[PDB]
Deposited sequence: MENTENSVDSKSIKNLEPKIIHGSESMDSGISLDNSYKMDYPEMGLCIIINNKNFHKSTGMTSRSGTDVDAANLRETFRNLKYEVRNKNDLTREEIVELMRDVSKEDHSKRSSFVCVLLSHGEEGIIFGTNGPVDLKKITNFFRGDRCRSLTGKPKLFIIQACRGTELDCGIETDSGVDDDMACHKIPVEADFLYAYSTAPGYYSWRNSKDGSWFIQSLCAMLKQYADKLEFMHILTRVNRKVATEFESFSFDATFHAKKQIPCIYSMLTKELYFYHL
C-alpha cells in the first residue's frame, strides 16, 4: 500500500478498554478523615463520560486499602489483548504519592506498578491512564490578578492539582478538576488529541474556579492541574 505514519496509538482494537473508577466517599471513623461530599457527582459524571467514549466502566465505592490493592492486582492480571487502553480514576483523600483507602493509605507507585510494561504484558505498548482527584499536600495557591521499551513507558497521570497542594472539591457540583475533565472530554474527544484536551482542562480549572470560604486561610484560592506524561504516541479517542 501507500506511505504510512505511526505517530498515534492504535485505538481500533475491538474494545477501548476498562475504565475503573474508585470512589471513596466515607472513611473509617478511626482514620479521622472527613466524608467527601460531592464525590458521587464526580463518579456519575465520569461513568457517563467514559461510557460515551465506549469504555467498559466499573464503578467501585468505599474500598479499603486492601481492596484497592487487590482490585488493581486482579485487573492487571486480566487478558487485555483485545483492549486498546486502560483507564483508572481515583477519587479520594490523598497526599503526595498517596491515595487513601477507607482505612488507610495506598502508595500510588504500588497501584501503577501492576501495569508496568513487564508486569501486564497485554497492555505493553498501550496507553495506561491514571486520573487522580486527591490532595497532594496542604499548600494553597493564592493566585495572581491578571528491541525493548522502558517498563515505565506509556503511562499518563492526570493529576487534579500541583504537587504539594490541596485539591478542591465542591460539595454540590463535584470537584473542580473532574467537572472540567468531563466537560472537555464531552466537547473535544471527537476532535482533539488527549494532551490538548487536558491542556483545556488546565485552563478551565485555572481560570473559572476560585474558592469561597468564611475562613481567611482557605478563601480566594486557585488550582492548576498537572499533566504527567510518559506517553510515546499521540492519543485520540476516535479512529478513522
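Coordinate coverage of the deposited sequence is interrupted at 1-28, 175-184, where no C-alpha atom was modelled.
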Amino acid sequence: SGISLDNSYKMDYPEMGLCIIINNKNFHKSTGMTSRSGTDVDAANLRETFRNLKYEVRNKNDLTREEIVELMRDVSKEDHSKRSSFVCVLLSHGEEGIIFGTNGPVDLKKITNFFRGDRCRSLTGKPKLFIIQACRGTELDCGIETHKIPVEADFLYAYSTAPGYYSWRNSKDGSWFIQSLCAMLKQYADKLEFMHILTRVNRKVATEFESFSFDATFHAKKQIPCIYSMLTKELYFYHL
From here on, numbers count along this sequence of modelled residues.
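As recorded in the PDB entry, 185-193 is the stretch of 37-45 and 185-193 with the greater mean C-alpha temperature factor.
Across the two stretches, 82-90 and 135-143, the PDB entry reports the greater mean Cα temperature factor for 135-143.
Of the candidates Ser211, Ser30, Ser175, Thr199, the one whose C-alpha carries the top B factor in the deposited record is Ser30.
Sort the modelled residues of the chain by CA B factor and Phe218 lands in the lowest third. When all modelled residues of the chain are sorted by CA temperature factor, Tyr165 is found within the highest third. Among the modelled residues of the chain, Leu123 sits in the middle third by CA temperature factor in this PDB entry. In the PDB entry, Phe114 places in the highest third of its chain by CA B-factor. When all modelled residues of the chain are sorted by CA temperature factor, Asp154 is found within the lowest third.
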